[PDB]
Amino acid sequence: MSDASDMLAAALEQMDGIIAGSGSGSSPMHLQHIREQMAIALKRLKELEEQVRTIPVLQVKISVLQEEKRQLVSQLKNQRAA
Amino acid sequence: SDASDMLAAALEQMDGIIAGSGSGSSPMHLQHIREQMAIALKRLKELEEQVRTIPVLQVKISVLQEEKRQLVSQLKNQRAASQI
């Protein structure tokens, strides 16, 4: 359970408070704090962008196993027929 | 979609403001950073939901592999009876 989405939501909320506060809160610490949270979210985002690339691969691997199973089933059925 | 690029861009502008390398820190610039962060968050949540399917697909792979091993053993048993 990654907290990345919550850290980005939190940094987004602070950013909204600064924008609605006419740039107040743009302190070096607060900007660095928001920055660090943005970095956590980005790193998790890139890991997820790589992960979802594997879903199409897993789906084809499943179709391969289904065809391999299907060929075994037909051979088993024919042998059981005679 | 391109949200990871938008967040990287917002990170670069934020670092340009923090380091003082001429990147603009007006409310407009902060507004632009905000909007990029918002798109990235929406994409991030969508991806957190998507990757949950990977354990499900992997179980489907393990189930099919087990079914194959069991079909092989029945096929060997049945190829023997066909000689009777």
# chains A, B, ... in the order shown; residues from 1 in each chain; ligands from 1
>>> closest_atom_pairs(of="chain B", to="chain A", cutoff="8 Å", atoms="only C-alpha atoms", output="tab-separated table")
residue	atom	partner	partner_atom	distance
B:4	CA	A:45	CA	6.4
B:7	CA	A:42	CA	6.5
B:8	CA	A:42	CA	6.9
B:11	CA	A:38	CA	6.8
B:14	CA	A:35	CA	6.8
B:15	CA	A:35	CA	7.6
B:18	CA	A:28	CA	6.7
B:26	CA	A:23	CA	7.4
B:27	CA	A:19	CA	5.9
B:30	CA	A:19	CA	6.6
B:31	CA	A:19	CA	6.6
B:34	CA	A:15	CA	6.3
B:37	CA	A:12	CA	6.6
B:38	CA	A:12	CA	7.0
B:41	CA	A:5	CA	6.3
B:44	CA	A:45	CA	5.9
B:45	CA	A:5	CA	6.5
B:47	CA	A:48	CA	6.3
B:48	CA	A:48	CA	7.3
B:50	CA	A:52	CA	7.0
B:51	CA	A:52	CA	6.1
B:53	CA	A:55	CA	7.9
B:54	CA	A:55	CA	6.6
B:57	CA	A:58	CA	6.5
B:58	CA	A:58	CA	7.4
B:60	CA	A:62	CA	7.1
B:61	CA	A:62	CA	5.9
B:64	CA	A:65	CA	6.2
B:65	CA	A:65	CA	7.1
B:67	CA	A:69	CA	7.4
B:68	CA	A:69	CA	5.7
B:71	CA	A:72	CA	6.3
B:72	CA	A:72	CA	7.1
B:74	CA	A:76	CA	7.1
B:75	CA	A:76	CA	5.1
B:78	CA	A:79	CA	5.9
B:79	CA	A:79	CA	6.2
B:82	CA	A:82	CA	6.3
>>> atom_distance(atom1="atom CA of residue B:1", atom2="atom CA of residue B:40")
8.6 Å
>>> atom_distance(atom1="atom CA of residue B:43", atom2="atom CA of residue B:22")
29.4 Å
